[PDB]
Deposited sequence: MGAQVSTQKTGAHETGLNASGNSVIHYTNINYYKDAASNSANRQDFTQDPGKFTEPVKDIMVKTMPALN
């Protein structure tokens, strides 16, 4: 019986009843971010306050 944190601006209880792993609920609480591979996909790292082309 896992007890989680209940997204607000307090806890809830969640038990799994079925035998497969495709029968569970949706996750909706996997908050991961990594935008540095889409915005900054360069080889030589560019500092912000430096000129971009020396």
Deposited residues absent from the coordinates (by C-alpha): 1-2, 12-24
